[PDB]
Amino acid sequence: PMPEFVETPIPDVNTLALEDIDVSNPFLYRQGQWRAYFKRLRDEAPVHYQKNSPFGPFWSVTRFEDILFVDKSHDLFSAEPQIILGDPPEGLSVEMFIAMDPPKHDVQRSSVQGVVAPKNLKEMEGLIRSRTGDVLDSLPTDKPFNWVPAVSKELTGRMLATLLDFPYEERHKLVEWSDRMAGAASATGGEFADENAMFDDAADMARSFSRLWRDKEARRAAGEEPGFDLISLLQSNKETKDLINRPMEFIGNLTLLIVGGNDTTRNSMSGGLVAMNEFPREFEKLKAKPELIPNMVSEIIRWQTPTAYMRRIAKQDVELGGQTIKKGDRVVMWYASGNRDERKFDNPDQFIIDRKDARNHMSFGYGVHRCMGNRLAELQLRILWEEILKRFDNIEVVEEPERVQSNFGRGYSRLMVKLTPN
């Protein structure tokens, strides 16, 4: 059983020899050391091998251009068998096409991609906007409140339910299951170290998803209008009508969807407020020119980088950054560093809503695995800020945010916000 990660003070990077820089530490983000640690790696060892880590030996690729190459080169770097830095609880490795190489990756992704196709998103836009306005209206305006459960987690759970047509009153289950899987100490240095609960969740999820498939099939056989959820789409296409007969594909694809959209959406929604707090001239610029919302959504996603990395394994020896990556080595593409690389972005650490190249961010990765839900993610953020401008003249963070323990998700568990209506 992987032991629990206990927080200790992270020293300055200059106190360390290059070979001893270990960025797998899941408290780097919380302690505000990630920026300096990744800068030193970009400047002095952009392709860096760490031989001593709790998750095992690994390479760190930290420059924007080098990450691009690795992410795009599925001929040289495999996404199998996992894309988190460590390993899952033995027996609890779920099959997900995010950790699959072409050509199977392509078959499975194509079988679900229609759920976030633009025509499908347009039909979801009104429900997303309704819920966003209802949630914002319900918020207190005379006192600070925790934005994380009140807004980010609330809207994300509703969205995950809509994607699977999951019972709304059980939506919390999708988040709880996703949080435990992504926060496994063995995989991300997260706080979830009870493996029995992970096995319990796996069975509860297989049963819940199986019940959902059979329930939707029955309702379909009864002539219910086919919805815009993944289940309805899967049951509407010849190749996936029998998907329940293949349980690895079924449970894997559905688990990937909810984990993929769980804390990414949550921390995108919270992170924009943190960026507004650090660069409040950005809020005045936005109020003066709302047209900049779409570009600002890209800049929020660049600055926050809700998912810090994706991991690969070298299919062969590969020369990169003056180093020889050996076949079988684990290679970690640090999006969180790539997006702060001044070789691509001027003033990278600065939140600039009118940033000309904000759309060039690598927060969704690049290559065959580039985030499938990227348009829905941008849609949710665009609606949130449209509805924020309608209601509030100012939003202030009145307390230092509390940040989540993980080397994988970059996020906030507590964000105290004071709203000023207009």
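Numbering starts at 1 and follows the sequence shown.
- Across the two stretches, 184-192 and 223-231, the PDB entry reports the greater mean Cα temperature factor for 223-231.
- Once the C-alpha B-factors are averaged per stretch, 366-374 and 391-399 rank with 391-399 first.
- Per the PDB entry, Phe199 shows the highest C-alpha temperature factor of the residues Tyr335, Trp303, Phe345, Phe199.
- Highest CA B-factor among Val115, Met269, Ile251, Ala275, as stated in the entry: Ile251.
- Placement of the Cα temperature factor of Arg340 within the chain: lowest third of the modelled residues, per the deposited record.
- Compared with the other modelled residues of the chain, the Cα B-factor recorded for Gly91 ranks in the highest third.
- In this PDB entry, the Cα temperature factor of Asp71 sits in the bottom third of its chain's modelled residues, the lowest group.
- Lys241: CA B factor lies in the highest third for its chain, per the PDB record.
- Sort the modelled residues of the chain by CA B factor and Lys143 lands in the highest third.
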